[PDB]
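K.L.:
Pasting structure.cif here (mmCIF, N, CA, C and O atoms and all ligand atoms):
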data_my_file
loop_
_atom_site.group_PDB
_atom_site.id
_atom_site.type_symbol
_atom_site.label_atom_id
_atom_site.label_comp_id
_atom_site.auth_asym_id
_atom_site.auth_seq_id
_atom_site.Cartn_x
_atom_site.Cartn_y
_atom_site.Cartn_z
ATOM 1 N N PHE P 515 75.945 45.926 71.923
ATOM 2 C CA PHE P 515 77.403 45.712 71.941
ATOM 3 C C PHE P 515 78.195 46.727 71.094
ATOM 4 O O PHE P 515 77.782 47.098 69.996
ATOM 5 N N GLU P 516 79.395 47.092 71.557
ATOM 6 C CA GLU P 516 80.411 47.806 70.772
ATOM 7 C C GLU P 516 81.843 47.509 71.271
ATOM 8 O O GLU P 516 82.059 47.340 72.473
ATOM 9 N N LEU P 517 82.836 47.484 70.369
ATOM 10 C CA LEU P 517 84.215 47.048 70.633
ATOM 11 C C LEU P 517 85.284 48.086 70.256
ATOM 12 O O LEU P 517 86.085 48.407 71.127
ATOM 13 N N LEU P 518 85.254 48.688 69.058
ATOM 14 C CA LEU P 518 86.209 49.704 68.568
ATOM 15 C C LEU P 518 87.656 49.176 68.391
ATOM 16 O O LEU P 518 87.887 47.971 68.301
ATOM 17 N N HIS P 519 88.640 50.094 68.421
ATOM 18 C CA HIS P 519 90.070 49.892 68.790
ATOM 19 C C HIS P 519 90.282 49.263 70.188
ATOM 20 O O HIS P 519 91.365 48.762 70.468
ATOM 21 N N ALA P 520 89.232 49.250 71.019
ATOM 22 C CA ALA P 520 89.002 48.449 72.222
ATOM 23 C C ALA P 520 89.888 48.698 73.449
ATOM 24 O O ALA P 520 90.486 47.748 73.952
ATOM 25 N N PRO P 521 89.933 49.914 74.019
ATOM 26 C CA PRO P 521 90.575 50.219 75.305
ATOM 27 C C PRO P 521 89.705 49.717 76.472
ATOM 28 O O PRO P 521 89.185 50.480 77.287
ATOM 29 N N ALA P 522 89.473 48.410 76.492
ATOM 30 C CA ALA P 522 88.450 47.757 77.279
ATOM 31 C C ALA P 522 88.609 47.952 78.788
ATOM 32 O O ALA P 522 89.721 47.974 79.315
ATOM 33 N N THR P 523 87.467 47.992 79.478
ATOM 34 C CA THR P 523 87.440 48.102 80.961
ATOM 35 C C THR P 523 86.570 46.967 81.517
ATOM 36 O O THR P 523 86.567 46.780 82.750
ATOM 37 N N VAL P 524 85.850 46.260 80.636
ATOM 38 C CA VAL P 524 84.952 45.140 81.054
ATOM 39 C C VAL P 524 85.218 43.890 80.201
ATOM 40 O O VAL P 524 85.286 44.018 78.963
ATOM 41 N N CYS P 525 85.322 42.729 80.858
ATOM 42 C CA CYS P 525 85.511 41.399 80.211
ATOM 43 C C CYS P 525 84.791 40.344 81.069
ATOM 44 O O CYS P 525 84.448 40.661 82.228
ATOM 45 N N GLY P 526 84.560 39.134 80.536
ATOM 46 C CA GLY P 526 83.958 38.041 81.327
ATOM 47 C C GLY P 526 84.952 37.285 82.201
ATOM 48 O O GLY P 526 86.115 37.719 82.336
ATOM 49 N N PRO P 527 84.580 36.113 82.757
ATOM 50 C CA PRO P 527 85.481 35.381 83.646
ATOM 51 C C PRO P 527 86.801 35.005 82.958
ATOM 52 O O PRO P 527 86.775 34.570 81.822
ATOM 53 N N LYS P 528 87.914 35.197 83.675
ATOM 54 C CA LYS P 528 89.271 34.856 83.175
ATOM 55 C C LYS P 528 89.623 33.477 83.739
ATOM 56 O O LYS P 528 89.227 33.201 84.887
ATOM 57 N N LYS P 529 90.381 32.667 82.993
ATOM 58 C CA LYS P 529 90.701 31.321 83.479
ATOM 59 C C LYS P 529 91.773 31.310 84.582
ATOM 60 O O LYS P 529 92.393 32.329 84.890
ATOM 61 N N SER P 530 92.011 30.152 85.200
ATOM 62 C CA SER P 530 93.089 29.904 86.173
ATOM 63 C C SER P 530 93.364 28.405 86.348
ATOM 64 O O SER P 530 92.520 27.568 86.023
ATOM 65 N N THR P 531 94.522 28.065 86.913
ATOM 66 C CA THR P 531 94.901 26.701 87.318
ATOM 67 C C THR P 531 95.586 26.711 88.681
ATOM 68 O O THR P 531 95.984 27.764 89.185
ATOM 69 N N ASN P 532 95.788 25.531 89.265
ATOM 70 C CA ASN P 532 96.754 25.349 90.349
ATOM 71 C C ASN P 532 98.195 25.697 89.893
ATOM 72 O O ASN P 532 98.493 25.705 88.695
ATOM 73 N N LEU P 533 99.082 26.006 90.840
ATOM 74 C CA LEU P 533 100.471 26.412 90.608
ATOM 75 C C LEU P 533 101.433 25.212 90.678
ATOM 76 O O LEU P 533 101.754 24.694 91.748
ATOM 77 N N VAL P 534 101.914 24.787 89.510
ATOM 78 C CA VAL P 534 102.795 23.625 89.307
ATOM 79 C C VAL P 534 104.278 24.018 89.300
ATOM 80 O O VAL P 534 104.918 24.109 88.255
ATOM 81 N N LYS P 535 104.837 24.258 90.488
ATOM 82 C CA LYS P 535 106.279 24.490 90.694
ATOM 83 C C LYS P 535 107.121 23.262 90.331
ATOM 84 O O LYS P 535 106.660 22.128 90.421
ATOM 85 N N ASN P 536 108.393 23.488 90.011
ATOM 86 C CA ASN P 536 109.444 22.478 89.843
ATOM 87 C C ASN P 536 109.210 21.444 88.719
ATOM 88 O O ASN P 536 109.825 20.379 88.716
ATOM 89 N N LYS P 537 108.365 21.772 87.736
ATOM 90 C CA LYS P 537 108.156 21.027 86.482
ATOM 91 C C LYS P 537 108.351 21.964 85.299
ATOM 92 O O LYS P 537 108.024 23.139 85.408
ATOM 93 N N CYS P 538 108.840 21.472 84.167
ATOM 94 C CA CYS P 538 108.816 22.230 82.917
ATOM 95 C C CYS P 538 107.368 22.398 82.459
ATOM 96 O O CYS P 538 106.716 21.405 82.150
ATOM 97 N N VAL P 539 106.858 23.630 82.400
ATOM 98 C CA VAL P 539 105.443 23.912 82.110
ATOM 99 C C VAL P 539 105.264 25.081 81.160
ATOM 100 O O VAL P 539 106.119 25.956 81.059
ATOM 101 N N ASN P 540 104.150 25.082 80.438
ATOM 102 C CA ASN P 540 103.784 26.122 79.486
ATOM 103 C C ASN P 540 102.898 27.149 80.198
ATOM 104 O O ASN P 540 101.796 26.811 80.613
ATOM 105 N N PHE P 541 103.368 28.375 80.404
ATOM 106 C CA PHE P 541 102.817 29.262 81.426
ATOM 107 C C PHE P 541 102.237 30.558 80.882
ATOM 108 O O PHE P 541 102.709 31.107 79.891
ATOM 109 N N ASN P 542 101.231 31.071 81.589
ATOM 110 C CA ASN P 542 100.668 32.398 81.407
ATOM 111 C C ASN P 542 100.442 33.059 82.774
ATOM 112 O O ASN P 542 99.648 32.566 83.573
ATOM 113 N N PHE P 543 101.111 34.179 83.035
ATOM 114 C CA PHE P 543 100.841 35.048 84.181
ATOM 115 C C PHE P 543 100.378 36.413 83.671
ATOM 116 O O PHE P 543 101.110 37.077 82.945
ATOM 117 N N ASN P 544 99.182 36.868 84.038
ATOM 118 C CA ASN P 544 98.633 38.175 83.629
ATOM 119 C C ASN P 544 98.573 38.439 82.105
ATOM 120 O O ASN P 544 98.367 39.580 81.691
ATOM 121 N N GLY P 545 98.755 37.429 81.253
ATOM 122 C CA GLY P 545 98.882 37.587 79.803
ATOM 123 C C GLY P 545 100.324 37.588 79.274
ATOM 124 O O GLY P 545 100.504 37.725 78.064
ATOM 125 N N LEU P 546 101.345 37.412 80.123
ATOM 126 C CA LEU P 546 102.743 37.210 79.713
ATOM 127 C C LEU P 546 103.076 35.713 79.723
ATOM 128 O O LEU P 546 102.729 35.001 80.667
ATOM 129 N N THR P 547 103.718 35.214 78.667
ATOM 130 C CA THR P 547 103.836 33.767 78.420
ATOM 131 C C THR P 547 105.256 33.295 78.147
ATOM 132 O O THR P 547 106.086 34.023 77.602
ATOM 133 N N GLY P 548 105.508 32.027 78.455
ATOM 134 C CA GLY P 548 106.730 31.314 78.107
ATOM 135 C C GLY P 548 106.638 29.845 78.496
ATOM 136 O O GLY P 548 105.577 29.357 78.877
ATOM 137 N N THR P 549 107.755 29.135 78.428
ATOM 138 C CA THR P 549 107.879 27.760 78.926
ATOM 139 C C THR P 549 109.070 27.668 79.859
ATOM 140 O O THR P 549 110.156 28.121 79.499
ATOM 141 N N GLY P 550 108.916 27.058 81.027
ATOM 142 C CA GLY P 550 110.022 26.957 81.972
ATOM 143 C C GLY P 550 109.685 26.185 83.231
ATOM 144 O O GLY P 550 108.542 25.822 83.466
ATOM 145 N N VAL P 551 110.702 25.938 84.042
ATOM 146 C CA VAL P 551 110.588 25.451 85.411
ATOM 147 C C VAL P 551 110.345 26.639 86.334
ATOM 148 O O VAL P 551 111.272 27.387 86.642
ATOM 149 N N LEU P 552 109.101 26.830 86.763
ATOM 150 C CA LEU P 552 108.727 27.813 87.781
ATOM 151 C C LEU P 552 109.197 27.345 89.157
ATOM 152 O O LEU P 552 108.961 26.194 89.508
ATOM 153 N N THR P 553 109.819 28.191 89.974
ATOM 154 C CA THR P 553 110.283 27.781 91.312
ATOM 155 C C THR P 553 110.323 28.931 92.318
ATOM 156 O O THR P 553 110.308 30.092 91.927
ATOM 157 N N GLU P 554 110.310 28.645 93.622
ATOM 158 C CA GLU P 554 110.260 29.664 94.679
ATOM 159 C C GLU P 554 111.554 30.487 94.799
ATOM 160 O O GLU P 554 112.640 29.992 94.491
ATOM 161 N N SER P 555 111.453 31.739 95.262
ATOM 162 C CA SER P 555 112.518 32.750 95.103
ATOM 163 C C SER P 555 112.887 33.472 96.394
ATOM 164 O O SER P 555 112.021 33.809 97.199
ATOM 165 N N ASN P 556 114.163 33.821 96.541
ATOM 166 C CA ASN P 556 114.637 34.764 97.556
ATOM 167 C C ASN P 556 114.537 36.243 97.114
ATOM 168 O O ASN P 556 114.691 37.132 97.952
ATOM 169 N N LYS P 557 114.290 36.524 95.823
ATOM 170 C CA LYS P 557 114.190 37.888 95.256
ATOM 171 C C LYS P 557 113.045 38.692 95.873
ATOM 172 O O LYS P 557 111.983 38.140 96.139
ATOM 173 N N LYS P 558 113.230 40.002 96.053
ATOM 174 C CA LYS P 558 112.277 40.893 96.737
ATOM 175 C C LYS P 558 111.778 41.993 95.799
ATOM 176 O O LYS P 558 112.312 43.097 95.779
ATOM 177 N N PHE P 559 110.752 41.693 95.007
ATOM 178 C CA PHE P 559 110.079 42.693 94.175
ATOM 179 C C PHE P 559 109.502 43.834 95.025
ATOM 180 O O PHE P 559 109.081 43.617 96.162
ATOM 181 N N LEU P 560 109.394 45.030 94.448
ATOM 182 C CA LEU P 560 108.591 46.121 95.003
ATOM 183 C C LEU P 560 107.086 45.858 94.789
ATOM 184 O O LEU P 560 106.722 45.158 93.838
ATOM 185 N N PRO P 561 106.181 46.418 95.608
ATOM 186 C CA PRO P 561 104.760 46.061 95.589
ATOM 187 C C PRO P 561 104.022 46.258 94.257
ATOM 188 O O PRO P 561 103.028 45.580 94.003
ATOM 189 N N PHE P 562 104.487 47.158 93.391
ATOM 190 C CA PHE P 562 103.887 47.400 92.071
ATOM 191 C C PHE P 562 104.507 46.568 90.937
ATOM 192 O O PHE P 562 103.902 46.467 89.869
ATOM 193 N N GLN P 563 105.697 45.985 91.124
ATOM 194 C CA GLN P 563 106.395 45.217 90.083
ATOM 195 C C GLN P 563 105.772 43.833 89.892
ATOM 196 O O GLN P 563 105.518 43.127 90.864
ATOM 197 N N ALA C 222 113.134 58.234 93.315
ATOM 198 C CA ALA C 222 112.258 57.892 92.199
ATOM 199 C C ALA C 222 110.772 57.876 92.580
ATOM 200 O O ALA C 222 110.392 57.311 93.603
ATOM 201 N N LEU C 223 109.920 58.464 91.743
ATOM 202 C CA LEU C 223 108.466 58.410 91.882
ATOM 203 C C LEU C 223 107.946 57.050 91.405
ATOM 204 O O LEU C 223 108.369 56.553 90.367
ATOM 205 N N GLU C 224 106.995 56.455 92.115
ATOM 206 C CA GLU C 224 106.481 55.105 91.844
ATOM 207 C C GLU C 224 104.984 55.139 91.531
ATOM 208 O O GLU C 224 104.291 56.050 91.985
ATOM 209 N N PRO C 225 104.459 54.229 90.697
ATOM 210 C CA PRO C 225 103.072 54.305 90.262
ATOM 211 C C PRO C 225 102.116 54.124 91.442
ATOM 212 O O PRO C 225 102.299 53.224 92.260
ATOM 213 N N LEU C 226 101.076 54.961 91.509
ATOM 214 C CA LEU C 226 99.972 54.824 92.468
ATOM 215 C C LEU C 226 98.658 54.469 91.779
ATOM 216 O O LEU C 226 97.934 53.589 92.239
ATOM 217 N N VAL C 227 98.332 55.172 90.698
ATOM 218 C CA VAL C 227 96.997 55.173 90.094
ATOM 219 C C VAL C 227 97.128 55.184 88.573
ATOM 220 O O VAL C 227 98.056 55.768 88.020
ATOM 221 N N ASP C 228 96.223 54.500 87.880
ATOM 222 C CA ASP C 228 96.369 54.184 86.460
ATOM 223 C C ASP C 228 94.978 53.980 85.847
ATOM 224 O O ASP C 228 94.370 52.919 85.998
ATOM 225 N N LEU C 229 94.420 55.038 85.259
ATOM 226 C CA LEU C 229 92.985 55.156 85.009
ATOM 227 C C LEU C 229 92.656 55.035 83.513
ATOM 228 O O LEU C 229 92.991 55.940 82.745
ATOM 229 N N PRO C 230 91.948 53.986 83.069
ATOM 230 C CA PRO C 230 91.428 53.910 81.707
ATOM 231 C C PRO C 230 90.257 54.886 81.519
ATOM 232 O O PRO C 230 89.159 54.627 82.009
ATOM 233 N N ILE C 231 90.470 55.998 80.801
ATOM 234 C CA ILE C 231 89.453 57.062 80.633
ATOM 235 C C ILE C 231 89.373 57.699 79.229
ATOM 236 O O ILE C 231 88.355 58.304 78.908
ATOM 237 N N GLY C 232 90.380 57.559 78.360
ATOM 238 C CA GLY C 232 90.272 57.890 76.924
ATOM 239 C C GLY C 232 90.217 59.380 76.527
ATOM 240 O O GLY C 232 89.995 59.687 75.355
ATOM 241 N N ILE C 233 90.400 60.312 77.466
ATOM 242 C CA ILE C 233 90.308 61.770 77.236
ATOM 243 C C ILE C 233 91.587 62.329 76.577
ATOM 244 O O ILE C 233 92.688 61.835 76.827
ATOM 245 N N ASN C 234 91.459 63.408 75.794
ATOM 246 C CA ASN C 234 92.583 64.193 75.259
ATOM 247 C C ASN C 234 92.868 65.404 76.164
ATOM 248 O O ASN C 234 92.348 66.495 75.942
ATOM 249 N N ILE C 235 93.651 65.215 77.227
ATOM 250 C CA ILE C 235 93.985 66.288 78.176
ATOM 251 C C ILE C 235 94.861 67.355 77.498
ATOM 252 O O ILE C 235 95.816 67.017 76.801
ATOM 253 N N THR C 236 94.568 68.638 77.728
ATOM 254 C CA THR C 236 95.388 69.779 77.271
ATOM 255 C C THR C 236 95.521 70.903 78.305
ATOM 256 O O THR C 236 96.367 71.776 78.129
ATOM 257 N N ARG C 237 94.757 70.884 79.406
ATOM 258 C CA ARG C 237 94.821 71.864 80.505
ATOM 259 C C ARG C 237 94.592 71.206 81.861
ATOM 260 O O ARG C 237 93.955 70.157 81.948
ATOM 261 N N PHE C 238 95.072 71.850 82.921
ATOM 262 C CA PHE C 238 94.876 71.411 84.301
ATOM 263 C C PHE C 238 94.919 72.582 85.297
ATOM 264 O O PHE C 238 95.416 73.656 84.968
ATOM 265 N N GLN C 239 94.398 72.402 86.514
ATOM 266 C CA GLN C 239 94.578 73.375 87.597
ATOM 267 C C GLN C 239 94.593 72.735 88.983
ATOM 268 O O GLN C 239 94.012 71.677 89.208
ATOM 269 N N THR C 240 95.209 73.424 89.935
ATOM 270 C CA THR C 240 95.269 73.028 91.348
ATOM 271 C C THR C 240 94.010 73.453 92.104
ATOM 272 O O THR C 240 93.430 74.495 91.794
ATOM 273 N N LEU C 241 93.614 72.701 93.136
ATOM 274 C CA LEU C 241 92.632 73.109 94.150
ATOM 275 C C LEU C 241 93.346 73.477 95.461
ATOM 276 O O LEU C 241 93.637 72.610 96.288
ATOM 277 N N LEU C 242 93.689 74.751 95.630
ATOM 278 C CA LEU C 242 94.429 75.249 96.792
ATOM 279 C C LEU C 242 93.635 75.203 98.104
ATOM 280 O O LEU C 242 92.399 75.131 98.117
ATOM 281 N N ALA C 264 104.001 76.080 99.320
ATOM 282 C CA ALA C 264 104.183 76.428 97.912
ATOM 283 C C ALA C 264 104.095 75.195 96.993
ATOM 284 O O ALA C 264 104.110 74.055 97.467
ATOM 285 N N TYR C 265 103.950 75.442 95.685
ATOM 286 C CA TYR C 265 103.643 74.328 94.755
ATOM 287 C C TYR C 265 104.219 74.568 93.350
ATOM 288 O O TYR C 265 103.777 75.518 92.733
ATOM 289 N N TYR C 266 105.107 73.690 92.852
ATOM 290 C CA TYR C 266 105.835 73.804 91.562
ATOM 291 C C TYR C 266 105.128 73.139 90.400
ATOM 292 O O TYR C 266 104.063 72.764 90.617
ATOM 293 N N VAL C 267 105.746 73.054 89.228
ATOM 294 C CA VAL C 267 105.183 72.414 88.002
ATOM 295 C C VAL C 267 106.266 72.398 86.931
ATOM 296 O O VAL C 267 106.841 73.403 86.744
ATOM 297 N N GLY C 268 106.499 71.304 86.233
ATOM 298 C CA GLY C 268 107.402 71.199 85.084
ATOM 299 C C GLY C 268 106.892 70.213 84.045
ATOM 300 O O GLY C 268 106.416 69.136 84.389
ATOM 301 N N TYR C 269 106.952 70.562 82.767
ATOM 302 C CA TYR C 269 106.404 69.707 81.715
ATOM 303 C C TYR C 269 107.340 68.543 81.387
ATOM 304 O O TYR C 269 108.545 68.729 81.203
ATOM 305 N N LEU C 270 106.786 67.340 81.258
ATOM 306 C CA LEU C 270 107.531 66.217 80.699
ATOM 307 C C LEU C 270 107.796 66.465 79.211
ATOM 308 O O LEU C 270 107.038 67.166 78.543
HETATM 309 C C1 LIG I 1 90.956 62.470 70.999
HETATM 310 O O1 LIG I 1 91.594 62.785 69.719
HETATM 311 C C2 LIG I 1 91.417 61.742 68.684
HETATM 312 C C3 LIG I 1 92.176 62.210 67.434
HETATM 313 O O2 LIG I 1 92.126 61.190 66.415
HETATM 314 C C4 LIG I 1 89.909 61.500 68.446
HETATM 315 O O3 LIG I 1 89.768 60.338 67.594
HETATM 316 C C5 LIG I 1 89.134 61.237 69.756
HETATM 317 O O4 LIG I 1 87.700 61.195 69.491
HETATM 318 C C6 LIG I 1 89.429 62.322 70.804
HETATM 319 N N1 LIG I 1 88.774 61.976 72.071
HETATM 320 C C7 LIG I 1 88.282 62.889 72.904
HETATM 321 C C8 LIG I 1 87.621 62.352 74.183
HETATM 322 O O5 LIG I 1 88.354 64.093 72.662
#
Could you quickly redo this structure as structure tokens?

P.N.:
Amino acid sequence: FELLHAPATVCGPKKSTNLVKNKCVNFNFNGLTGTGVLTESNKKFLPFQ
Amino acid sequence: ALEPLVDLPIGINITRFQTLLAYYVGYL
């Protein structure tokens, strides 16, 4: 094993849950976090955003 | 606007480059 300053390219299994829309919930997407009511959108992101 | 295509974790200290052959170049 070695870790360093750790510009990592390998990790083990990452967790997940079902998607709980329309409730106040404590959330993590891709490692970005907050608390809120998640809900469906008319907004049109670009494919990389 | 230019949009991201490729994003490579590789850790190198780049200081030179070359083309594999009109074609321009400008430094950020
Ligand atoms: C890049 O430069 C840094 C300067 O601190 C050095 O620690 C590192 O080993 C260098 N890496 C390569 C691949 O040259």

K.L.:
Output, as lines of an AutoDock Vina configuration file, the centre and edge lengths in Å (one decimal) of the axis-aligned box that contains all listed atoms of range 534-550 of chain P with 8 Å of margin on each side.

P.N.:
center_x = 104.3
center_y = 30.0
center_z = 84.1
size_x = 27.8
size_y = 35.2
size_z = 29.1

K.L.:
How would you write, as a VMD selection string, the residues chosen by the PyMOL selection byres (((not hetatm) and name CA) within 7 of (chain I and resi 1)) on this structure?

P.N.:
chain C and resid 232 to 234

K.L.:
Identify all residues of chain P in strand (DSSP E) (DSSP on the backbone) and supply them as a list in words.

P.N.:
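Strand (DSSP E) assignments inside chain P correspond to residues 538, 539, 540, 541, 542, 543, 546, 547, 548, 549, 550 and 551 of chain P.
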
K.L.:
Save the residues we just selected, N, CA, C and O atoms, as an mmCIF file, keeping the file's coordinate frame?

P.N.:
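What follows is the written file selection_5.cif:
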data_model
loop_
_atom_site.group_PDB
_atom_site.id
_atom_site.type_symbol
_atom_site.label_atom_id
_atom_site.label_comp_id
_atom_site.auth_asym_id
_atom_site.auth_seq_id
_atom_site.Cartn_x
_atom_site.Cartn_y
_atom_site.Cartn_z
ATOM 1 N N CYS P 538 108.840 21.472 84.167
ATOM 2 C CA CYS P 538 108.816 22.230 82.917
ATOM 3 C C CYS P 538 107.368 22.398 82.459
ATOM 4 O O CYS P 538 106.716 21.405 82.150
ATOM 5 N N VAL P 539 106.858 23.630 82.400
ATOM 6 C CA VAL P 539 105.443 23.912 82.110
ATOM 7 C C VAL P 539 105.264 25.081 81.160
ATOM 8 O O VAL P 539 106.119 25.956 81.059
ATOM 9 N N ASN P 540 104.150 25.082 80.438
ATOM 10 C CA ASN P 540 103.784 26.122 79.486
ATOM 11 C C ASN P 540 102.898 27.149 80.198
ATOM 12 O O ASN P 540 101.796 26.811 80.613
ATOM 13 N N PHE P 541 103.368 28.375 80.404
ATOM 14 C CA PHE P 541 102.817 29.262 81.426
ATOM 15 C C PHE P 541 102.237 30.558 80.882
ATOM 16 O O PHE P 541 102.709 31.107 79.891
ATOM 17 N N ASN P 542 101.231 31.071 81.589
ATOM 18 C CA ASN P 542 100.668 32.398 81.407
ATOM 19 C C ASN P 542 100.442 33.059 82.774
ATOM 20 O O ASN P 542 99.648 32.566 83.573
ATOM 21 N N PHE P 543 101.111 34.179 83.035
ATOM 22 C CA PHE P 543 100.841 35.048 84.181
ATOM 23 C C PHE P 543 100.378 36.413 83.671
ATOM 24 O O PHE P 543 101.110 37.077 82.945
ATOM 25 N N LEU P 546 101.345 37.412 80.123
ATOM 26 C CA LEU P 546 102.743 37.210 79.713
ATOM 27 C C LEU P 546 103.076 35.713 79.723
ATOM 28 O O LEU P 546 102.729 35.001 80.667
ATOM 29 N N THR P 547 103.718 35.214 78.667
ATOM 30 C CA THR P 547 103.836 33.767 78.420
ATOM 31 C C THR P 547 105.256 33.295 78.147
ATOM 32 O O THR P 547 106.086 34.023 77.602
ATOM 33 N N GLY P 548 105.508 32.027 78.455
ATOM 34 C CA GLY P 548 106.730 31.314 78.107
ATOM 35 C C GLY P 548 106.638 29.845 78.496
ATOM 36 O O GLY P 548 105.577 29.357 78.877
ATOM 37 N N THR P 549 107.755 29.135 78.428
ATOM 38 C CA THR P 549 107.879 27.760 78.926
ATOM 39 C C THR P 549 109.070 27.668 79.859
ATOM 40 O O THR P 549 110.156 28.121 79.499
ATOM 41 N N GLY P 550 108.916 27.058 81.027
ATOM 42 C CA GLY P 550 110.022 26.957 81.972
ATOM 43 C C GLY P 550 109.685 26.185 83.231
ATOM 44 O O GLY P 550 108.542 25.822 83.466
ATOM 45 N N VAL P 551 110.702 25.938 84.042
ATOM 46 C CA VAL P 551 110.588 25.451 85.411
ATOM 47 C C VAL P 551 110.345 26.639 86.334
ATOM 48 O O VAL P 551 111.272 27.387 86.642
#

K.L.:
Convert the output of the PyMOL selection byres ((chain P) within 7 of (chain C)) on the shown file into explicit residues, formatted as a ChimeraX atom specification.

P.N.:
/P:521-523,562

K.L.:
Kindly export the residues of the current selection with N, CA, C and O atoms, as a compact mmCIF listing (two decimals), in the coordinates of the input.

P.N.:
# COMPACT_ATOMS: atom_id res chain seq x y z
N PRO P 521 89.93 49.91 74.02
CA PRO P 521 90.58 50.22 75.31
C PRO P 521 89.70 49.72 76.47
O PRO P 521 89.18 50.48 77.29
N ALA P 522 89.47 48.41 76.49
CA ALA P 522 88.45 47.76 77.28
C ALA P 522 88.61 47.95 78.79
O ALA P 522 89.72 47.97 79.32
N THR P 523 87.47 47.99 79.48
CA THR P 523 87.44 48.10 80.96
C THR P 523 86.57 46.97 81.52
O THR P 523 86.57 46.78 82.75
N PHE P 562 104.49 47.16 93.39
CA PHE P 562 103.89 47.40 92.07
C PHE P 562 104.51 46.57 90.94
O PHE P 562 103.90 46.47 89.87

K.L.:
What does the distance from CA of residue 519 in chain P to atom O of residue 548 in chain P come to in Å, to one decimal?

P.N.:
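Taking CA of residue 519 in chain P as the start and atom O of residue 548 in chain P as the end point, the length is 27.6 Å.
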
K.L.:
If I take atom N of residue 525 in chain P and atom N of residue 545 in chain P, how far is one from the other in Å, to one decimal?

P.N.:
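So the answer is 14.4 Å.
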
K.L.:
The PyMOL selection byres (((chain P and resi 535) around 7) and not hetatm) - which residues does that actually catch in the file I just gave you? List them as a tab-separated table (two decimals) with N, CA, C and O atoms, in the coordinates of the input.

P.N.:
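Below is the file expr_5.tsv, written as the result:
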chain	number	residue	atom	x	y	z
P	532	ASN	N	95.79	25.53	89.26
P	532	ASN	CA	96.75	25.35	90.35
P	532	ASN	C	98.20	25.70	89.89
P	532	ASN	O	98.49	25.70	88.70
P	533	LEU	N	99.08	26.01	90.84
P	533	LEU	CA	100.47	26.41	90.61
P	533	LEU	C	101.43	25.21	90.68
P	533	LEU	O	101.75	24.69	91.75
P	534	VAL	N	101.91	24.79	89.51
P	534	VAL	CA	102.80	23.62	89.31
P	534	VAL	C	104.28	24.02	89.30
P	534	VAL	O	104.92	24.11	88.26
P	536	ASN	N	108.39	23.49	90.01
P	536	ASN	CA	109.44	22.48	89.84
P	536	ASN	C	109.21	21.44	88.72
P	536	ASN	O	109.82	20.38	88.72
P	537	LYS	N	108.36	21.77	87.74
P	537	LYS	CA	108.16	21.03	86.48
P	537	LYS	C	108.35	21.96	85.30
P	537	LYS	O	108.02	23.14	85.41
P	538	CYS	N	108.84	21.47	84.17
P	538	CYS	CA	108.82	22.23	82.92
P	538	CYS	C	107.37	22.40	82.46
P	538	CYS	O	106.72	21.40	82.15
P	551	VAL	N	110.70	25.94	84.04
P	551	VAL	CA	110.59	25.45	85.41
P	551	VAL	C	110.34	26.64	86.33
P	551	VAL	O	111.27	27.39	86.64
P	552	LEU	N	109.10	26.83	86.76
P	552	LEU	CA	108.73	27.81	87.78
P	552	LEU	C	109.20	27.34	89.16
P	552	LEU	O	108.96	26.19	89.51
P	553	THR	N	109.82	28.19	89.97
P	553	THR	CA	110.28	27.78	91.31
P	553	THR	C	110.32	28.93	92.32
P	553	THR	O	110.31	30.09	91.93
P	554	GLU	N	110.31	28.64	93.62
P	554	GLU	CA	110.26	29.66	94.68
P	554	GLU	C	111.55	30.49	94.80
P	554	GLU	O	112.64	29.99	94.49

K.L.:
Take atom O of residue 550 in chain P and atom C of residue 528 in chain P and report the distance between them in Å, one decimal.

P.N.:
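Spanning atom O of residue 550 in chain P to atom C of residue 528 in chain P is a straight-line distance of 20.4 Å.
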
K.L.:
Can you find the residues with an atom no farther than 12 Å from (100.4, 35.4, 83.3), counting only C-alpha atoms, and report them as a PyMOL selection string?

P.N.:
chain P and resi 528-531+533+540-549
